[PDB]
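In case you want the letters, here they are:
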Amino acid sequence: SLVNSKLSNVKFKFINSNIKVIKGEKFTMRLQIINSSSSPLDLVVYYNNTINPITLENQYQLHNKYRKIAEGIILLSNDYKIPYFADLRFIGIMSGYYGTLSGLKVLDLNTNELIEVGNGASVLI
Amino acid sequence: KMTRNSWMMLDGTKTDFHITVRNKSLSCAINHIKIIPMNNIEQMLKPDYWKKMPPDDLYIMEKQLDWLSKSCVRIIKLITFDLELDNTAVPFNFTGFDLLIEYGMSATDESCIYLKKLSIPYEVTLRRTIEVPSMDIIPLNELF
């Protein structure tokens, strides 16, 4: 549900339930941002749909993990400026169990640290 | 001095005549109807960018500043004449484009190249209407 920050007092949770059913169509997804109001602003999202470029069976196992992270869902409003509440906008292409869907990265525009939200899941059957 | 336009293909019919000295206020015998400016810009700008696809050391990138105006000219034949219909036709304009000018040619001859020059200043700004600052490409594998 929740993961804490590394730099600020910001915490990220998803108001909609982290196990959810959908077909290959569109779906609504909703994220909590609660922080301290000393600089309550300037975060950005991006989903980063590219392959992390990376034993031979593990050598084709890490690639097939990454080639379904970066090909499964697509975020239909990336670079979303946040200002608390935001409804992030995805559609998924191919089906499976996308537990800890880990592409999406928010980032603080001052002192750029790659904050990750490795939470939530989506079955597509 | 006109004012701004968006990315549409509009037209201009300017009010004031220029000087255009001749014998008298008789007919000019060849009046332009479609002036068509910015139909030079789409054979400037594609020869700009298709020599920007190798690294730039060409003569077209050698201290040139004729892209600030892209000033065309209107040539004619044998007094003062009110301005024609422009059909400015802006669709492919760079973001550094901010001005235009029109060095009109006032012809009269028997067997001679006896002409003059008549120049107009034009300031125009741009409505930056919509932009696509990024693209990315995703393949697919599911049959829906």
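Trainee: I would appreciate a short explanation of the overall build of chain B in the present structure.
Mentor: Looking only at helices and strands, chain B features one helix and two strands. For chain B, the α and β elements follow one another from N to C terminus as α-β-β. Computed over C-alpha atoms, the radius of gyration of chain B comes to 21 Å, more than 25% over the 15 Å expected from 2.2 N^0.38 for 144 residues, which places it beyond the range of a compact globule. Viewed in the frame of its principal axes, chain B has a C-alpha envelope of about 75 × 35 × 25 Å.

Trainee: Teacher, can you tell me more about the overall build of chain A here?
Mentor: Helix and strand counts for chain A come out as one helix and eight strands. For chain A, the α and β elements follow one another from N to C terminus as β-β-β-β-α-β-β-β-β. What you see for chain A is a C-alpha radius of gyration of 15 Å, in line with the 14 Å of a compact globule of 125 residues.

Trainee: Quick question: what am I supposed to make of unusual backbone geometry here?
Mentor: Excluding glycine, residues mostly carry a negative phi; peptide bonds, for their part, are mostly trans. A positive phi angle, close to 40 degrees, is found at A:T100, a residue other than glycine. The topology assignment puts A:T100 in the loop between β6 (86-92) and β7 (105-108). A positive phi angle is found at B:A29, which is not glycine, with a value near 70 degrees.

Trainee: Before we go on, may I ask you to explain the packing of aromatic side chains in this structure?
Mentor: Any two aromatic rings considered together are summarised by their centre-to-centre distance and by the angle between their planes. With a centroid separation of 6.0 Å and an interplanar angle of 15 degrees, the aromatic rings of A:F27 and A:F90 are classed as stacked. One residue, A:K68, lies across the ring of A:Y98, its end atom 5.3 Å from the ring centre.

Trainee: How do you make sense of the interface of chain B and chain A when you look at a structure like this?
Mentor: A common way to report how large an interface is uses the accessible area buried once the components associate. Contact with chain B, which involves seven residues of that partner, is made by six residues of chain A. Within the side of chain B that touches chain A, the residues separate by chemical class into four nonpolar, one polar and two charged.

Trainee: Honestly, the sheet that holds strand β2 (residues 11-14) of chain A in this entry has me stumped. Any pointers?
Mentor: The strands making up a sheet are joined through hydrogen bonds of the backbone, oriented either antiparallel or parallel. Residue and element names in this part refer to chain A. Spatially, the five strands line up as an open sheet ordered β1-β2-β3-β6-β5, and their pairing is antiparallel. Across the chains shown, the open sheet's two edge strands, defined by having one partner strand only, are β1 (3-4) and β5 (73-75). Two elements, β5 and β6, share three bridges in a ladder whose sense is antiparallel. The partner of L75 across the bridge, within β6, is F90.

Trainee: Just checking my understanding: could you explain the pattern of salt bridges for this structure?
Mentor: Where charged atoms of side chains with opposite charge meet at close range, the side chains can pair. In this structure, the salt-bridge partner of A:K105 is A:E116, at a minimum N-O distance of 4.0 Å. You can see A:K105 sitting in strand β7 and its partner A:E116 sitting in strand β8 (residues 114-116), a full eleven residues away along the chain. B:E131 is the salt-bridge partner of B:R128, the closest N and O atoms lying 3.6 Å from each other.

Trainee: Could you clarify how one ought to interpret the sheet that holds strand β4 (residues 43-46) of chain A in this entry?
Mentor: Residue and element names in this part refer to chain A. With antiparallel pairing, the three strands of this open sheet are ordered in space as β4-β7-β8. Both edges of this open sheet fall to β4 and β8, since each of them pairs with a single strand only. Direction aside, the axes of adjacent strands within the sheet are offset by 35 degrees on average. With four bridges joining them, β4 and β7 adopt antiparallel strand pairing. Each residue of the ladder has a partner; that of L43, found in β7, is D108.

Trainee: Help me understand the pairing of β2(A) in this model?
Mentor: Remember that side chains alternate between the two faces of the sheet whenever the strand is regular. Residues and elements named next belong to chain A. Sheet analysis places β1 next to β2, joined by two bridges and oriented antiparallel. Within β2, the residue paired with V3 across the bridge is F12. Joining the antiparallel neighbours β1 and β2 is a turn of six residues. As defined by bridge partners, β2 adjoins strand β3 (residues 26-34) across four bridges and the pair is classed as antiparallel. By the bridge assignment for β3, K13 is matched with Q32.

Trainee: Even after reading the chapter, I still don't get the environment of B:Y122, so can you show me in this structure?
Mentor: Residue and element names in this part refer to chain B. Tracing the backbone through its elements, the reader meets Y122 in strand β2 (residues 121-123). Separated by 23 residues in sequence, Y122 and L99 have C-alpha atoms that sit 5.9 Å apart. Those residues in contact with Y122 that lie beyond four places of it in its chain are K1, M2, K14, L99 and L100.

Trainee: Explain the environment of A:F90 here, please?
Mentor: Residues and elements named next belong to chain A. Following the sequence through the fold, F90 ends up in strand β6. Between the C-alpha atoms of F90 and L114, which are 24 residues apart in sequence, the distance is 21 Å. With residues up to four places along the chain from it excluded, the contact list for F90 reads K26, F27, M29, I73, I74, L75, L76 and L104.

Conventions used here
- Residues numbered from 1 in each chain as written, not as in the entry; some residues may be left out.
- Chains lettered and ligands numbered in written order.
- Part of a larger assembly, values for the part shown.
- Heavy atoms only, no water.
- Residues with missing side-chain atoms left out of burial classes, pairs and counts.
- Helix = DSSP H or I, 4+ residues; strand = E, 2+ residues; numbered from the N terminus.
- Rg over C-alpha atoms; globule rule 2.2 N^0.38 Å.
- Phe/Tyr/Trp six-rings, centres within 6.5 Å; stacked < 30°, edge-to-face > 60°.
- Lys NZ or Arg CZ within 6 Å of the ring centre and 35° of its normal.
- Contact = heavy atoms within 4.5 Å.
- Nonpolar A, V, L, I, M, F, W, Y, C, P; charged D, E, K, R; others polar.
- Pairing = 2+ DSSP bridges.
- Salt bridge = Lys/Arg side-chain N within 4 Å of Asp/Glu carboxyl O.
- Axes fitted to C-alpha atoms, helices over the stretch in contact; angles between N-to-C directions.

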